[PDB]
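Shown next as C-alpha cells: one chain only, the form deposited in one PDB entry.
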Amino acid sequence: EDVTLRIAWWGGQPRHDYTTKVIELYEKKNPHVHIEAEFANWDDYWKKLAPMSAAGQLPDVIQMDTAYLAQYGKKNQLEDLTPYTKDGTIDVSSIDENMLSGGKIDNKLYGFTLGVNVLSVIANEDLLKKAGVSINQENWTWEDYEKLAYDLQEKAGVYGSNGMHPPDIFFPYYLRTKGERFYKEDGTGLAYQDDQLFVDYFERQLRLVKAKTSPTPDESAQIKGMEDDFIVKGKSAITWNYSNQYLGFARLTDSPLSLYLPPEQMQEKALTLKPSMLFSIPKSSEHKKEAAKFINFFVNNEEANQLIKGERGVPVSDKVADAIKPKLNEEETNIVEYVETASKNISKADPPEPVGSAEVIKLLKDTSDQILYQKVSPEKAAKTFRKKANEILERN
C-alpha cells in the first residue's frame, strides 16, 4: 500500500546530499514508500522541531542527539523501538547490544544508534620515532603514559599531552580506568567517594605541565581552531580526542597520525561506545512500521552505507563496518579499524547527562585552571569541588 514517510535530520550540505541519495535508493527499491525530507543545520533544526512537538506533528523518523533524546523521551514523545528489534523489523543480529545502549532511557529503546565514536590517544608517529618511544596499547598504564610524555619532551623537544581537555571528559575516563564513575546513576551526586582519585588525576596533570610536556592554561586558551591545535602544529606528539576527530587532525597535519587505545582501559573496560546520533520515531507517527523499516535499511543495507561511508560515525553493524572499508581512504579506514579494535573490550554508553551538567562542567574547568596555576592545591580543590558539585546535583 502506498505511504508517505517524513524524515528529518540536521547537518551541512554534504550530509544532506548523500542522505538524499540514500532516500532515493530506498524509494527505488520500495516504490510504495514516498519520502518527504526535512533538514537544516543544527541551530535551525531544533527550532523547527519544537512547534511540531507542540502540535503532535513530528516527522516519522527524526535524527536525535543524546541530550534531546533524553528531553523528548522524558516527555513521552518517543516510541519504544525494542519490539522492532525482536519482531524481525530491525535486524540486530550483527549489532552488539552495547552499540545501542546510548539510545536506552529507563530500559526503553527511544533511539536507534546510527554510528559510534570512542576515546583515543592519537599520536604523531614521526615524533614518537624522533624521541625513540613506542606505545604498547594493549596494556599500558597511566605510569607508562606519564613516562612516555617525559621521554617525548626530553628526547624530541615536544609535548606528550595536548592538555587532556576538557576535564569533564578525561577525569571521568580516569575514574573508569579505576573501576569508578563520575556521576551517580540517579544524577544526584558524584559517585566516586574517595577524593584521592581527584587528587591523583590532577597531581599528574600538574607534574606534566610543570615538566613542560603539557600546556599551561594560557597556552591552551590561545588555540582558536583545529589548524592551531597542538598535534597539528607539531607542538605535541599526543592528542586526546574521540575517534571521529582524527579525520580533521590527519587532513591538517603532514605527519602520519595513528589512533591508540588510551592507557589502562583494559581491566575495567573503561572505554564506551558513544553514539554519534540516533533515529527515533514519535508516538504520534501513523507509519511507525514503515519508519522502523527505513531505520533498518539505513543501518544494515550495505549499498546504502557505500554512500554514508561512516560520516555519521562508525557503523553499529560489524558487517556494515567491514563492508565500507574498501571504499574508505586510509585515514577513514583507520577510524573504523580503531573502533572495531576498541569494541572487543568496551562498556555500554554512559547514561544521559544529569540536570546541572553544564554548571558542573564549568566548575571543573575553573577548578583545573586554578590547580595548574597553583592557586589551589589538588587536596583542597578535591574538597571544594565535591561540595559544590554535590550541591548542584542535589537540586535534581
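Don't overthink the numbering: it's just position in the shown sequence, from 1.
The same protein also exists as the form deposited in another entry; that form is not shown, yet it is the one meant from here on.
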- Which listed residue lies at the hinge, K29, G234, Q57, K274, rigid motion between the shown form and the other one: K274
- Note on the structure: Shown form as baseline, in that other deposited form, CA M99-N139 shift of 3 Å or more puts them farther
- Query: By 3 Å or more, the Cα spacing of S94 and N345 differs in that other deposited form; is it closer or farther than in this view?
  - Reply: farther
